[PDB]
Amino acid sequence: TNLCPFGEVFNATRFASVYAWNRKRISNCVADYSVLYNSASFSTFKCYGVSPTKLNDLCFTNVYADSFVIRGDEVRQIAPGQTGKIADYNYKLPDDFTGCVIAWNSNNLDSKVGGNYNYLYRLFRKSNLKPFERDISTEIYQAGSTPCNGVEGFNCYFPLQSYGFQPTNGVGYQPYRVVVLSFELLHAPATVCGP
């Protein structure tokens, strides 16, 4: 069958926090894109420069699947040309992105009464990420003129914030699982093909 392992990305038991977003490299396989675009589960499925149907007749050097959790009102930030805490400080797509962004509501799994504080995002950073950059550092953010010597305190912020997802949140504040598929064509044989 040589079937590309999209099942292990999309049906993974848990997804990463967005500041520590996961990347899976997909290679040397036949990619059944029909199970994706025919899925009735996704609330977001937006492609840039390809179409899921006319991926079944294309080959790429590699395919990257990046996955993470954010809240619903941030899903729009997973798009080229966006601003916001997620696009600026957590996960950044390039202006000329080729790929697909897929997302679905995971309130049933990832929220808890009283709050699930296990999902985090970077709220403070000195500059914006470059496209496809990952920052997992936890240095104290100096927000004022007094230096902080890395402690946490007034004007000296821990850079990551918990989402605290609750199932009664409005949908804008419920958790969404996101997968981003990037399609890489290099001067190298192309090993990921549709059927």
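What we label the rigid core is the largest C-alpha set whose atoms superpose within 1.5 Å from one form to the other. Each residue number is its position in the shown sequence, starting from 1.
In a rigid core superposition of the other structures in 5 other deposited structures of this protein, 181 to 189 and 15 to 23 differ in how far their CA atoms stray, and the farther one is 181 to 189. Of 145 to 153 and 125 to 133, the stretch whose C-alpha atoms sit farther from the shown form in 5 other deposited structures of this protein, after fitting on the rigid core, is 145 to 153. The question of which stretch, 31 to 39 or 155 to 163, has the higher mean Cα B factor is settled in favour of 31 to 39. As recorded in the PDB entry, 139 to 147 is the stretch of 166 to 174 and 139 to 147 with the greater mean C-alpha temperature factor.
Taking the deposited Cα B-factors for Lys54, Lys46, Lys130, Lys126, the highest one is held by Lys54.
In the PDB entry, a CA B factor belonging to the middle third of its chain's modelled residues is recorded for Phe10.
Ranked by C-alpha B-factor against the other modelled residues of its chain, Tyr64 falls in the middle third.
Ranked within its chain, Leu186 lands in the highest third, by CA B factor from the PDB record.
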